[PDB]
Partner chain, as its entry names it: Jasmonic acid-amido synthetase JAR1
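Shown here is one chain on its own, the form solved without the partner chain, set out as structure tokens.
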């Protein structure tokens, strides 16, 4: 009747999947769980018809999905965006994982009681990872050349988070600073970011030391 996507009303793990959607102009509704609704999830968690219950979920009627990365890859696969030959898939997946080292690097520490000191060790390695992305862009509009691919949205999302973490981490990465602006200047994403549908905060689950609250 119309694709469903369920998650907490935070950016978290599905923010990118949201942006891919907006970029594709796919129609979808959203089940959004408020912080105060742990019980509500707990019940609809057990009955939606999933074999690996979890959040986020994505229901096409055609399918019932539960893993964050499958859900986004499945959207891209619906639109023939995962790659033609293997060398292509494989490489998209590489960008994928490389962007996940950054986004998970953040997530891994955000809910710990030692965040501020774990912080110092992440921003240290970050540049290193940041750079690979900069060099990758010395010659390609987007992460995989001309045509947008889902990790361009992963990558977007990751810069957005690290910037709240250290506003300057992209001083020294002009190429990355233009990519974040570019993705922004794309009409569909342009609209979504100023739409009512946009969720600007929290970055992580609310309880989180970093990116928590309101």
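Positions refer to the first chain, counted from 1.
Requested in this report: State which stretch shows the higher mean Cα B factor in the entry: 195-203 or 20-28.
Outcome: 20-28 has the higher mean C-alpha B-factor.
Query raised in the report: 76-84 versus 108-116: which one carries the higher mean Cα B factor per the record?
Result: Higher mean C-alpha B-factor: 76-84.
Query raised in the report: Which of these has the highest Cα B-factor in the record: 184, 39, 152, 160?
Result: Highest C-alpha B-factor among the listed residues goes to 39.
Query raised in the report: In terms of the CA temperature factor given in the entry, to which third of its chain does residue 135 belong: lowest, middle or highest?
Result: Highest third - that is where residue 135 ends up once the chain's C-alpha B-factors are sorted.
**Report entry** Where the record places residue 43 (Cα B-factor, split into thirds across the chain)
**Finding:** Ranked within chain, residue 43 CA B lands in the highest tercile.
Report task. State the tercile, meaning the lowest, middle or highest third, of residue 33 with respect to the CA B-factors recorded for its chain. Result -> For residue 33, whose C-alpha B-factor we compare with every modelled residue in the chain, the answer is the middle third.
Requested in this report: Would you check the entry's CA temperature factor for residue 69 and let me know if it's in the chain's lowest, middle or highest third?
Outcome: For residue 69, whose C-alpha B-factor we compare with every modelled residue in the chain, the answer is the lowest third.
Query raised in the report: Taking the C-alpha B-factors as the PDB entry records them, is residue 179 in the lowest, middle or highest third of its chain?
Result: For residue 179, the deposited C-alpha B-factor lands in the lowest third.
Omitted from view is the form solved in complex with the partner chain, to which the following refers.
Requested in this report: Could you tell me if all three of 35, 38 and 47 have a heavy atom no more than 4.5 Å from the partner chain in the deposited bound form?
Outcome: Judged in the deposited bound form, none of 35, 38 and 47 sits within 4.5 Å of the partner chain.
Query raised in the report: Is the gap between residue 189 and the partner chain in the deposited bound form 4.5 Å or less for some heavy atom pair?
Result: Flag for residue 189 set to yes.
Requested in this report: Give a yes/no on whether residue 120 approaches the partner chain to within 4.5 Å in the deposited bound form, heavy atoms considered.
Outcome: Output for residue 120 is no: heavy atoms all beyond 4.5 Å of the partner chain.
Query raised in the report: Applying a 4.5 Å heavy atom distance criterion, does residue 185 contact the partner chain in the deposited bound form?
Result: Yes, residue 185 sits close enough to the partner chain in the deposited bound form that at least one of its heavy atoms falls within 4.5 Å.
Query - Partner contact for residue 24 in the deposited bound form: the partner chain, 4.5 angstroms, heavy atom - result: No.
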